[PDB]
Every structure is written in structure tokens, then in C-alpha cells.
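S.K.: Take a look at this one; I'll ask things after.
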Amino acid sequence: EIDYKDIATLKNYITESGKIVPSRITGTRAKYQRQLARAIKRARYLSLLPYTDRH
Amino acid sequence: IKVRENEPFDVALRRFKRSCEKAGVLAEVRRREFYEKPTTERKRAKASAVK
Amino acid sequence: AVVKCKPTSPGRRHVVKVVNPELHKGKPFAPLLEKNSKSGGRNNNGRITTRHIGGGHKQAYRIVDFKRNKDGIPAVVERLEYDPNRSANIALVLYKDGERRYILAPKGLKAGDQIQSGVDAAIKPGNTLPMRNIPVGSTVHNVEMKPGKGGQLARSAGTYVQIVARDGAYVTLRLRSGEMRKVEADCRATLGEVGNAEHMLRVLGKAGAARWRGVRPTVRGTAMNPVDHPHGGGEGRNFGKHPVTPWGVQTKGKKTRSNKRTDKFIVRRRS
Amino acid sequence: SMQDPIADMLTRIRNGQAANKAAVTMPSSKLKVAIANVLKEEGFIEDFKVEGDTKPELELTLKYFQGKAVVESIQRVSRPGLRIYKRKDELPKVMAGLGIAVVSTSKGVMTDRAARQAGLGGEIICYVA
Amino acid sequence: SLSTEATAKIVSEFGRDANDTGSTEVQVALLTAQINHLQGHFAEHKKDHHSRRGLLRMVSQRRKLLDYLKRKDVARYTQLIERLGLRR
Amino acid sequence: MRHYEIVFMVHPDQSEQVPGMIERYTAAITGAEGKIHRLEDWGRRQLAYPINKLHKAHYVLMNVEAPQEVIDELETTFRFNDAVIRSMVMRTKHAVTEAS
RNA sequence: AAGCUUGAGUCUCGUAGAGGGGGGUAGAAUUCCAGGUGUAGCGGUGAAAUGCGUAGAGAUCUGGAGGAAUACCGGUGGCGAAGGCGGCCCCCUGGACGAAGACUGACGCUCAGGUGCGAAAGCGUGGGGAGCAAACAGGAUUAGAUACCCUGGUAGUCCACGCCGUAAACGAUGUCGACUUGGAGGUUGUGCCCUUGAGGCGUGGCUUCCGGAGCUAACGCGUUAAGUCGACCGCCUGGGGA
RNA sequence: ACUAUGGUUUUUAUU
């Protein structure tokens with residue numbers, strides 16, 4: 001929430017393939033699933049997360 | 001899910017077709033709750049005393 | 001940008017004109033002019049060497065800088081102007097410590113715009129620097145083959161070339177002709193594209209409006225006597241002959257390069 | 001939306017009969033109450049109540065018999081966009097003497113029986129038997 | 001929407017009593033402030049669809065109230081064209 | 001005034017030209033009654049991918065309150081500096097307190 | 001007409017949203033371009049040929065441009081006069097809707113004419129052209145191939161401005177509003193409750209299935225009805241000609 | 001691999 005300059009907790013909601021984890025395995029409320037899913041994408045533009053996942 | 005450990009060889013065998021992804025673990029026969037149990041086991045063990 | 005003319009007079013319906021609010025329209029800067037003497041397209045013994053050039057009307061020269069005058073020194077654009085002998089037109093620049101000069105226009109529609117020179121230049125369009133300084137993928141115009149009074153390659157309106165590799169004293173680049181060339185890197189090139197790019201949108205509407213600017217219509221070969229042009233037609237205007245020049249040689253697909261010497265710069269020629 | 005004060009009254013007296021519902025509610029108006037009094041006087045309903053002040057609500061107690069509803073014939077035989085009017089001598093007969101027509105007279109809501117008793121005509125608003 | 005102050009500059013200044021909106025001209029004046037603010041939506045930009053279509057919707061809404069003012073408000077149209085520049 | 005985060009990356013071969021821009025625009029914000037709540041160095045990080053022959057970069061975190069037209073005039077100031085790789089302007093979330 | 005404030009709309013604080021406009025910007029790969037390493041294959045179908053290459057391709061390094069689009073997020077979860085709309089960041093903004101008060105006083109709803117608008121394709125005058133591709137030029141298949149299949153490829157698809165205005169525009173049901181049946185599921189606000197709840201009880205706002213009255217020639221509709229009713233507007237009288 | 005077809009037409013009333 002409000003921050004994407006740290007990712008060490010945010011990575012908990014990402015798969016090993018770099019895609020967003022479905023809320024039904026984390027019990028996360030859908031409003032917060034939406035926020036975390038867009039926050040994971042915001043953190044790619046600060047180069048803290050890759051876009052690929054090609055090797 | 002993808003390959004993360006091998007290291008000089010892997011189990012392979014129909015890699016992720018009816019193994020490690022969809023039936024078992026969700027879909028078709030809906031058995032053994034492997035999707036919704038592993039966090040409940042990690043919630044309750046824990047040590048829970050004297051290591 | 002260009003606009004279409006109204007039918008306020010005969011034939012004018014088809015005319016298109018170029019308009020630029022930043023263009024000066026007044027006279028060129030008087031200390032930077034000469035008359036540019038012409039030899040009329042004939043040698044000292046009165047014989048034709050260049051054709052279709054007779055019937056000219058007065059043109060000057062803006063003392064245009066191709067010699068890379070004041071190298072490594074910054075300047076600023078003061079005004080934009082017209083030049084009858086180059087399709088990109090011209091710009092007037094004022095140099096760091098004094099004086100003006102006219103330069104071949106880099107792409108742009110404004111004045112008050114600064115430029116830099118040499119290896120202290122920024123990687124920005126309009127700046128002029130040795131090709132040994134520019135990175136792979138860069139676009140350039142007026143790129144230079146040798147230092148001197150003149151300047152070579154990519155000068156016609158809207159043209160540029162792009163560099164693909166660099167190794168030692170040379171750089172490899174891709175031409176508008178489809179040629180691939182390996183050129184000397186110490187030579188002074190200008191970043192980006194050469195200006196105007198709208199020169200082939202010109203109409204030359206009135207038949208007298210080509211003549212009043214010194215342009216001559218070329219004389220049709222089939223309309224001549226067969227013993228004065230080998231392409232000359234019969235009384236019934238009949239063709240019946242392969243195309244040729246006024247000097248009897250065939251033109252449709254027939255090659256003419258005969259050099260076998262300029263090998264150093266060759267990689268792969270046009271196709 | 002709501003053009004006439006009784007277009008939602010007749011349907012709510014006709015419907016609910018198969019489930020034998022002993023009551024029905026609707027929004028209340030001067031004409032709905034003036035009709036509810038004559039429907040009690042002619043034995044078609046057993047009670048009517050008004051409840052409210054600025055937008056009142058009307059509850060009707062519906063009438064039943066052994067395994068059956070009692071109001072088995074109820075129609076308007078007129079429409080708010082194309083109304084029906086009759087002279088004092090021309091008020092409509094229903095089931096050749098076994099039914100009654102309801103008239104809105106210059107002295108209020110009454111049966112054609114009572115309008116002819118007084119020597120009045122008016123607007124025809126319901127047919128019941 | 002219009003600001004609380006640009007609203008107050010009509011509904012607490014233009015009516016016949018303190019905070020009066022029962023003068024029909026105040027319903028025309030508040031819309032004449034909202035339509036001028038919608039003609040203020042532009043710069044930056046010119047070709048916004050929902051503002052060009054919504055501007056014409058505020059013209060429809062002003063033709064509604066101005067026709068009514070010259071129909072059921074007796075004389076108050078000539079007592080309003082001295083206070084609104086409807087002919088610029 | 002409006003609140004913004006502003007978190008920027010410095011190019012490792014242009015890096016000496018950043019202080020002549022940012023430590024000089026702090027006057028242009030405070031002259032407009034604006035505030036800069038930290039301007040702290042976040043250090044040299046290894047990147048999650050190579051940005052075309054750039055794989056390790058230095059980060060800075062600003063935190064600002066200003067007029068919107070002073071942050072628009074800061075965007076052209078970051079773009080004319082060219083030693084900075086994205087300003088990363090992001091709206092609202094209120095001002096930082098107690099050093100985050 | 002003047003008061004009332006039950007129809008309808010609005011402000012303060014608040015809710016969710018791929019609704020619209022104007023500016024910026026990014027990761028990969030197909031492609032194109034130049035040099036290494038090292039060779040004759042690649043490409044493609046039911047099975048093949050035309051072709052790219054052998055004058056140095058495919059593959060793999062090395063070093064960079066060029067173009068269209070935006071993985072996951074994503075849920076019968078949401079929005080929009082209609083058509084339709086999912087990158088991420090900034091600058092503008094309509095509708096719907098929740099709590100508690102204040103306000104206009106019929107301001108609603110319907111609508112001939114008129115003026116409004118696009119999913120694709122096309123036109124004008126120029127730009128830009130990876131992935132694909134009317135027509136075009138080949139090859140194979142064949143009795144022939146204008147079709148399957150395949151190498152290349154123009155207009156087009158992209159962009160600026162002015163035109164074009166259509167459809168199975170079909171969520172085939174013109175519209176505002178009220179009443180009512182058996183059982184579940186999803187989903188956004190606000191009240192009430194020591195949440196004694198590892199969530200209900202009310203009340204607004206939203207919404208998918210499965211039964212059933214009534215309704216149909218039959219499929220279907222089914223409280224978000226094609227059921228029960230009332231007002232405004234619009235349309236209709238056999239096939240083919242056409 | 002690997003396909004094109006064939007005009008027109010019929011059979012009781014009666015308790």
C-alpha cells in the first residue's frame with residue numbers, strides 16, 4: 001500500500017514466472033488483489049522486477 | 001509454475017500435462033485440497049515450543 | 001507545410017504553395033553575398049558542355065559554409081531564408097564571439113535555436129562533429145568524404161543516412177540509393193536530417209513561371225530530324241526504334257559506371 | 001409512470017385470489033377510498049383502512065367463500081385515454097339484473113342503481129357482478 | 001461541477017433575498033455560470049467529445065429555462081437581460 | 001498546492017551533471033512556497049534487467065509539495081538535464097512524515 | 001394562480017468503474033543492417049515445388065535501428081447516449097450511487113421534423129510500412145485451378161487533416177412506472193450488534209443460475225418477465241416482379 | 001493426392 005520502492009514483501013504475490021498470483025490461494029480481499037496486481041506492474045517501471053522471463 | 005531445481009537431470013515425464021498443474025491440484029476430480037491446505041499446515045507448524 | 005491555391009485566375013486551380021511564418025521574406029544579409037558567375041553551359045571554345053541551362057534569371061550565392069568554418073565553436077540561428085540553388089533552403093547563424101554565416105538548413109521551423117560543434121557537441125540534431133564521435137544507430141546529413149571547401153553526401157531536402165557499425169578509422173552506413181558504404185570517420189557530419197522535405201510537392205503552375213526563374217523545357221528527341229537526333233520520328237510521327245540519347249547510345253536498363261578504382265569505400269552497391 | 005388513480009386498483013383486487021390472500025395494500029387516493037366504501041357496501045370487500053398523512057397507504061381486506069374467491073367478475077370497460085360517459089336514462093345493465101355498474105356522479109361515487117334512483121348521469125368507472 | 005465559491009457568487013448574491021433560489025433567474029444564472037465554466041474546459045485541448053456534447057446539453061438546458069422565463073414569470077425576462085450578457 | 005513522490009535514476013556516465021540541476025531547483029520550488037521533504041540517496045542497485053548496456057544504477061527519492069506548473073517546469077528541467085532516467089511523477093498519497 | 005413538498009433533479013462529505021479527451025513513455029520477438037565463430041542447410045504440405053543460400057544462409061555471439069500491438073492483472077467482475085471501452089505516468093471531465101441535513105416546486109416521461117455517431121472496408125493530399133495481405137507474378141495439386149497448400153507482394157491495416165456514413169448496429173423484444181413466485185450464488189455503500197460471527201440482522205445499490213403461475217404454433221420469457229396493467233411515440237396487409 | 005451428375009410421374013367406397 002502507497003509504496004513500490006521496496007519489493008521484499010510485494011514479491012510474495014508474484015509467481016516464479018513473474019505473473020500475478022490468483023487471490024484464491026492467498027485469501028486476499030479483491031480490492032487489495034487489484035491494488036497489489038497494479039503495484040507489481042508499477043515496480044517494473046523502477047526496474048526492480050523484470051518484464052521477461054525468456055531464459 | 002516452472003522448473004526451478006534439477007540440477008544435472010529432471011523428472012520430466014509429460015512435464016506439466018496432468019502432473020504438477022491441473023488434476024491433481026484443482027479441476028476435474030477436485031480431490032485432496034492441495035491448493036487450500038499448504039498455508040493451513042504452515043500456519044499450525046511452526047515449532048511450536050522448544051525447537 | 002503546403003496549401004492549395006484558389007481558382008482566382010485561369011489554371012490556378014491545380015497550384016500548391018509552401019508557406020513558413022519563420023521565413024524572413026526581406027533581403028539577405030548584405031556582407032554575405034556574391035554574384036556567382038556562370039559559364040553558360042559552354043567551354044572556352046563556344047561548344048555545349050551542359051544543356052537546358054540557357055535563358056537564366058539572376059541568382060546570387062550566400063557564401064554558404066561547407067568548409068566547416070569556426071570548427072568546435074557554438075552558434076545560434078537568427079533567421080530562416082530561401083536559397084534558389086538548394087532544395088533544403090538556408091539558415092543564418094551568429095557565432096560565439098562575433099559575425100554571421102549562412103548554413104545548409106538542419107530540419108526545423110524556428111529561430112533563437114542554438115547549435116554546438118566538434119567532440120564537445122551534444123547528441124542532438126543540427127550539431128556538426130567528426131563521425132568518430134557518433135554512436136551506432138545515429139542519423140546524419142552532409143557527412144563529408146574529405147576536408148576542403150566543399151562537403152559530400154546527403155544534402156538534398158529531407159535526406160539523411162544512418163550508421164550501422166564502427167571499427168578503427170572508418171564507419172559503415174546505409175544510403176538513400178540502397179548502397180552500403182564504409183566511410184572515413186575523422187570527417188565532419190551534421191546530426192539528424194536536412195530540412196524542407198516538401199520540395200517535390202512543387203507544381204510550377206504557369207508555363208512562364210518556370211521561365212522567369214531560369215528553367216528551360218528539354219527538347220523532345222522524336223520531334224527532331226533523324227540525322228540530328230537518331231531517335232527522330234517519321235512524317236506520320238511513327239516510333240519503330242529503341243530509345244537512345246542525342247549521342248546514339250541506348251538507355252533502357254543499360255549501365256554506364258566505368259571506374260574500377262574507388263574500391264576502398266565499397267561494401268555492397270545498390271540493387 | 002402513474003397516469004390514473006385506479007389503473008393499479010382493479011388488478012390488485014383480481015390478483016392474489018388463487019393463493020387466497022386475506023389482504024392487499026396499495027397507495028391511497030380520494031377516488032380509491034370513495035370506491036372502497038361502495039365495494040364494502042356491495043359486499044365485495046370486508047374492510048378498508050387508510051394509513052399516513054402526506055402520501056397515504058390503503059389496506060383492503062379481501063372476501064372469500066368455501067374453496068373460492070367472491071370477486072369473480074371485475075372490469076373497467078373504459079380506458080383513461082378514451083373514457084366512457086352516459087346520460088341519466090342510458091346507464092349500463094350488467095348480467096341482466098345480477099350485476100352493477102359504478103358511476104362517478106356530481107354527488108360522488110355510486111352504483112348505476114343509485115344514480116338512476118337520484119336521476120343523474122356521469123362517467124362509468126367499473127363493472128362488477 | 002462548479003466550485004462552492006463560484007456557486008455562492010450566484011446563489012448568495014443574485015437572488016432577491018438572503019440565499020434565495022426561488023427567483024427563477026437564479027436557476028438561469030447558475031446554469032450561465034456552469035456553461036461558461038464548460039466553455040472553460042478547453043485550453044489545454046479543444047476536441048473533447050463529452051465536453052463538446054455536454055456543452056450543447058447545457059444549451060438545451062438553458063433554452064428550457066429561458067423559454068419558461070418568457071412564458072410563466074410575467075415580466076422577469078426584461079429584468080434579467082440587463083444582468084446577463086446573453087447578446088454579449 | 002499538490003503532493004508528488006518523484007523517484008529518479010541517475011545515468012552512471014553522465015552522473016556529475018545532476019547536482020547543478022537539482023540543488024539549484026530547490027530555490028525555484030521554495031521561491032513558490034513549495035517544500036522538499038527529503039531528497040535522499042537510495043544507492044547503487046543491480047537492475048532486474050539490462051537497460052541496453054546499463055545493468056547497475058544509482059537512485060534518489062525527492063518527496064515534494066508544489067504548484068502543478070512548477071512540477072511541469074521541473075519535467076522540462078529533468079528532460080533538458082538528460083543525465084536522469086525518468087522523473088517517475090506520481091500523484092497525491094499526502095506528504096511524508098517522521099522520515100517514512 | 002398562491003401555499004404544500006409525496007413525482008423529478010441538486011449541493012456538502014463519500015463509493016466503484018477496460019467511459020471520453022490531450023500529452024508522455026516501456027519490455028520482448030518476428031524484421032532489417034554490419035562484422036566474428038563454423039558449416040550446408042533452411043523453408044513448407046496429405047506428399048511436394050516455386051523460393052532463400054552456397055558470392056557464406058539456418059544456428060550462436062557482437063553491435064544497433066525499424067514497425068504494429070500491449071503477457072499477467074481478469075472474476076457471469078466493471079463502465080458507455082449508441083457504436084463501443086482493459087499497458088504504466090501526468091493534465092482535464094460526464095453519469096450512476098451511499099450517510100445526514102438544506103433547496104426548486106412540476107422543473108418529469110414521451111417525441112413528428114431537425115441535428116447528432118462507427119465495428120470493418122473505401123476516398124482525397126502526404127508520411128511510415130515489423131506482423132499479415134484484396135489484386136499481382138510464380139509453383140504444386142488437376143482434366144483445368146481462377147480454390148486447398150506454398151515463396152514473394154500492391155492497395156489496405158498505422159499516422160495528420162477533410163470526406164464516407166453502414167450491419168446479423170441482433171443484448172432480434174420502442175418507453176416511464178407499479179404489483180407478484182420456490183431455492184441458491186455473486187457483488188458495492190450504510191446503519192445496528194461488547195460482530196462475543198472464523199458475519200450476521202436491517203436498509204439502500206448492484207447481479208447469475210435453477211424451479212413455477214401466467215404467456216406462445218413452437219422455441220423462448222419468468223419479479224432485471226414475452227406475467228398483471230396504464231399513458232406517449234412509431235410501424236403493418238400474400239409470394240415473385242423489385 | 002484423389003468426383004461431376006440423373007428432366008417428368010402413380011393406386012377404391014363403404015357399413
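Scheme for the C-alpha cells: letters A, B, ... for chains in order shown; per-chain residue numbers from 1; ligand numbers from 1 in order shown.
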Region 91-139 of chain C: which residues are strand (DSSP E or B) by DSSP, as a tab-separated table (two decimals) with C-alpha atoms, in the first residue's frame?
M.R.:
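Now in selection33.tsv:
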```tsv
chain	number	residue	atom	x	y	z
C	91	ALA	CA	19.58	29.37	-42.19
C	92	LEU	CA	21.58	32.40	-40.88
C	93	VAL	CA	23.73	31.75	-37.73
C	94	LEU	CA	25.55	34.15	-35.30
C	95	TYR	CA	28.82	32.77	-33.79
C	100	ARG	CA	27.31	35.71	-39.05
C	101	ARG	CA	27.42	32.83	-41.62
C	102	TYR	CA	24.81	31.02	-43.80
C	103	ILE	CA	24.49	27.22	-43.26
C	104	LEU	CA	22.67	24.36	-45.06
C	106	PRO	CA	19.09	21.27	-40.48
C	114	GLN	CA	21.37	27.12	-30.52
C	115	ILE	CA	23.90	24.66	-32.08
C	117	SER	CA	30.38	21.85	-32.79
C	128	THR	CA	28.25	19.17	-36.51
C	129	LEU	CA	31.00	16.78	-35.28
C	130	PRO	CA	33.59	14.18	-36.54
C	139	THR	CA	21.18	9.66	-38.28
```
S.K.: Would you kindly report the residues of chain E within 10 Å of chain G, using only C-alpha atoms (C1' of nucleotides), as a list in words?
M.R.: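 Interface list for chain E against chain G: residues 1, 4, 7, 19, 20, 21, 22, 23, 24, 27, 38, 41, 42, 43, 44, 45, 46, 47, 48, 49, 50, 51, 53, 54, 64, 65 and 68 of chain E.
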S.K.: Please dump the current selection as a compact mmCIF listing (two decimals), in the first residue's frame; keep N, CA, C and O atoms.
M.R.:
```txt
# COMPACT_ATOMS: atom_id res chain seq x y z
N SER E 1 -18.31 19.61 -11.75
CA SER E 1 -19.24 20.53 -11.07
C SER E 1 -18.59 21.88 -10.85
O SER E 1 -17.37 21.98 -10.80
N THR E 4 -17.68 25.54 -4.86
CA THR E 4 -18.57 26.06 -3.81
C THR E 4 -18.61 27.59 -3.81
O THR E 4 -19.67 28.17 -3.58
N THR E 7 -20.41 28.84 -7.19
CA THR E 7 -21.84 28.63 -6.88
C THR E 7 -22.36 29.74 -5.97
O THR E 7 -23.35 30.38 -6.30
N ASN E 19 -29.65 34.03 0.43
CA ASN E 19 -29.59 32.68 -0.13
C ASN E 19 -30.83 32.24 -0.98
O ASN E 19 -31.13 31.05 -1.10
N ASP E 20 -31.55 33.20 -1.58
CA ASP E 20 -32.72 32.96 -2.44
C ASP E 20 -32.34 32.22 -3.74
O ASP E 20 -31.57 32.73 -4.55
N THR E 21 -32.98 31.07 -3.99
CA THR E 21 -33.01 30.37 -5.30
C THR E 21 -34.43 30.17 -5.85
O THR E 21 -34.62 29.50 -6.86
N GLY E 22 -35.44 30.79 -5.22
CA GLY E 22 -36.86 30.79 -5.64
C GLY E 22 -37.16 31.86 -6.70
O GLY E 22 -38.15 31.76 -7.44
N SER E 23 -36.28 32.84 -6.86
CA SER E 23 -36.23 33.67 -8.07
C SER E 23 -35.73 32.83 -9.25
O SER E 23 -34.60 32.36 -9.24
N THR E 24 -36.58 32.63 -10.26
CA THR E 24 -36.32 31.75 -11.41
C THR E 24 -35.04 32.14 -12.16
O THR E 24 -34.32 31.29 -12.68
N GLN E 27 -31.84 30.18 -11.23
CA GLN E 27 -31.70 28.88 -11.91
C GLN E 27 -31.09 29.05 -13.32
O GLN E 27 -30.34 28.18 -13.77
N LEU E 38 -17.93 25.29 -18.57
CA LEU E 38 -17.80 24.23 -19.57
C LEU E 38 -17.20 24.73 -20.90
O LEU E 38 -16.36 24.06 -21.48
N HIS E 41 -13.59 24.50 -20.20
CA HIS E 41 -12.96 23.16 -20.19
C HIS E 41 -11.76 23.09 -21.15
O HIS E 41 -10.82 22.33 -20.92
N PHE E 42 -11.78 23.88 -22.22
CA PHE E 42 -10.77 23.92 -23.27
C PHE E 42 -9.57 24.82 -22.91
O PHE E 42 -9.67 25.69 -22.04
N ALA E 43 -8.44 24.59 -23.58
CA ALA E 43 -7.10 25.12 -23.28
C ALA E 43 -6.64 24.74 -21.84
O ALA E 43 -6.94 25.44 -20.87
N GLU E 44 -5.92 23.64 -21.64
CA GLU E 44 -5.41 22.70 -22.66
C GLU E 44 -6.53 21.92 -23.39
O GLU E 44 -7.60 21.69 -22.81
N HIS E 45 -6.26 21.52 -24.64
CA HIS E 45 -7.10 20.81 -25.62
C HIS E 45 -8.36 21.56 -26.13
O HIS E 45 -8.84 22.51 -25.51
N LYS E 46 -8.88 21.12 -27.28
CA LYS E 46 -10.04 21.67 -27.99
C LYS E 46 -11.09 20.58 -28.29
O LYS E 46 -12.28 20.79 -28.06
N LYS E 47 -10.66 19.41 -28.79
CA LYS E 47 -11.54 18.33 -29.27
C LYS E 47 -11.80 17.21 -28.25
O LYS E 47 -11.44 16.05 -28.46
N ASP E 48 -12.50 17.58 -27.18
CA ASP E 48 -13.04 16.68 -26.16
C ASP E 48 -14.52 16.38 -26.48
O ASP E 48 -15.32 17.31 -26.60
N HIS E 49 -14.90 15.12 -26.70
CA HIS E 49 -16.26 14.79 -27.16
C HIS E 49 -17.32 15.03 -26.09
O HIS E 49 -18.29 15.74 -26.33
N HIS E 50 -17.14 14.48 -24.89
CA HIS E 50 -18.12 14.58 -23.82
C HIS E 50 -18.31 16.02 -23.32
O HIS E 50 -19.43 16.38 -22.95
N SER E 51 -17.29 16.87 -23.40
CA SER E 51 -17.45 18.31 -23.13
C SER E 51 -18.08 19.08 -24.30
O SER E 51 -18.92 19.93 -24.04
N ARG E 53 -20.28 17.78 -26.52
CA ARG E 53 -21.65 17.24 -26.46
C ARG E 53 -22.40 17.71 -25.19
O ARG E 53 -23.58 18.04 -25.25
N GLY E 54 -21.70 17.79 -24.05
CA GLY E 54 -22.22 18.29 -22.77
C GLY E 54 -22.44 19.81 -22.77
O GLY E 54 -23.38 20.28 -22.13
N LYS E 64 -34.52 25.53 -22.29
CA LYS E 64 -35.61 25.10 -21.40
C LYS E 64 -36.03 26.18 -20.40
O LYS E 64 -37.22 26.48 -20.29
N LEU E 65 -35.08 26.75 -19.66
CA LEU E 65 -35.37 27.70 -18.58
C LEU E 65 -35.64 29.13 -19.09
O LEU E 65 -36.46 29.83 -18.50
N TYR E 68 -39.22 29.26 -20.52
CA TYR E 68 -40.10 29.29 -19.35
C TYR E 68 -40.14 30.69 -18.70
O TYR E 68 -41.21 31.18 -18.34
```
S.K.: Would you pick out the contacts of residue 15 (chain F) at 10 Å or less, using only C-alpha atoms (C1' of nucleotides), so that residues sharing its chain but fewer than 3 positions from it are not included, and give the list as a compact mmCIF listing (two decimals) with N, CA, C and O atoms, in the first residue's frame?
M.R.:
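Full text of out.txt as output:
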```
# COMPACT_ATOMS: atom_id res chain seq x y z
N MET F 9 16.33 7.80 -11.40
CA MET F 9 17.54 7.03 -11.66
C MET F 9 18.59 7.91 -12.36
O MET F 9 18.26 8.65 -13.29
N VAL F 10 19.85 7.83 -11.93
CA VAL F 10 20.97 8.61 -12.49
C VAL F 10 21.80 7.75 -13.45
O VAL F 10 22.23 6.65 -13.09
N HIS F 11 22.07 8.26 -14.65
CA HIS F 11 22.90 7.57 -15.64
C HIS F 11 24.38 7.57 -15.21
O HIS F 11 24.94 8.65 -15.00
N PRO F 12 25.04 6.40 -15.10
CA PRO F 12 26.36 6.26 -14.47
C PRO F 12 27.51 6.88 -15.28
O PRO F 12 28.64 6.88 -14.79
N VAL F 18 24.14 16.16 -12.48
CA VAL F 18 22.86 16.16 -11.74
C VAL F 18 22.82 17.21 -10.60
O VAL F 18 21.82 17.93 -10.53
N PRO F 19 23.85 17.38 -9.75
CA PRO F 19 23.80 18.33 -8.63
C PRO F 19 23.61 19.80 -9.07
O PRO F 19 22.91 20.56 -8.40
N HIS F 58 22.25 4.15 -9.83
CA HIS F 58 22.04 4.91 -8.60
C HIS F 58 20.65 5.57 -8.57
O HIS F 58 20.21 6.14 -9.58
N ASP F 82 19.12 15.44 -19.10
CA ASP F 82 19.45 14.18 -19.82
C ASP F 82 20.30 13.13 -19.03
O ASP F 82 20.32 11.96 -19.41
N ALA F 83 20.95 13.49 -17.92
CA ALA F 83 21.64 12.57 -17.01
C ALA F 83 20.68 11.77 -16.11
O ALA F 83 21.10 10.84 -15.41
N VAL F 84 19.39 12.12 -16.12
CA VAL F 84 18.33 11.46 -15.35
C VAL F 84 17.45 10.60 -16.28
O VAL F 84 17.08 11.03 -17.38
```
S.K.: Show me, as a short mmCIF file (atom, residue, chain, number, x, y, z; two decimals) with C-alpha atoms, in the first residue's frame, the residues that have an atom within 12 Å of residue 169 (chain C) when counting only C-alpha atoms (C1' of nucleotides), minus same-chain residues fewer than 5 positions from it.
M.R.:
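Produced file selection_4.cif, reproduced below:
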```
data_model
loop_
_atom_site.label_atom_id
_atom_site.label_comp_id
_atom_site.auth_asym_id
_atom_site.auth_seq_id
_atom_site.Cartn_x
_atom_site.Cartn_y
_atom_site.Cartn_z
CA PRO C 130 33.59 14.18 -36.54
CA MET C 131 31.92 10.79 -37.29
CA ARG C 132 34.50 9.05 -34.95
CA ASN C 133 32.40 10.57 -32.07
CA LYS C 182 32.36 2.29 -45.42
CA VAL C 183 33.49 5.94 -44.99
CA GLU C 184 36.34 7.74 -43.15
CA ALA C 185 35.47 8.65 -39.52
CA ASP C 186 37.58 11.86 -38.95
CA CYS C 187 35.21 13.64 -41.42
#
```
S.K.: When you look at residue 81 (chain F) with a cut-off of 9 Å (counting only C-alpha atoms (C1' of nucleotides)), what residues show up, excluding the ones that are within fewer than 4 positions of it in the same chain? I need them as a list in words.
M.R.: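 Selected residues are residues 17, 18, 21, 76 and 77 of chain F.
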S.K.: Selection from above, N, CA and C atoms, as a compact mmCIF listing (two decimals), in the first residue's frame, can you write it?
M.R.:
```
# COMPACT_ATOMS: atom_id res chain seq x y z
N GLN F 17 26.64 15.81 -13.71
CA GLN F 17 25.81 16.96 -14.14
C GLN F 17 24.43 17.05 -13.44
N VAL F 18 24.14 16.16 -12.48
CA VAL F 18 22.86 16.16 -11.74
C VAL F 18 22.82 17.21 -10.60
N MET F 21 21.72 20.78 -11.36
CA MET F 21 20.31 20.89 -11.69
C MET F 21 19.45 20.87 -10.42
N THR F 76 10.45 19.50 -17.75
CA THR F 76 11.35 20.01 -18.80
C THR F 76 12.77 20.22 -18.29
N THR F 77 12.94 20.50 -17.00
CA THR F 77 14.25 20.63 -16.36
C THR F 77 14.96 19.26 -16.23
```
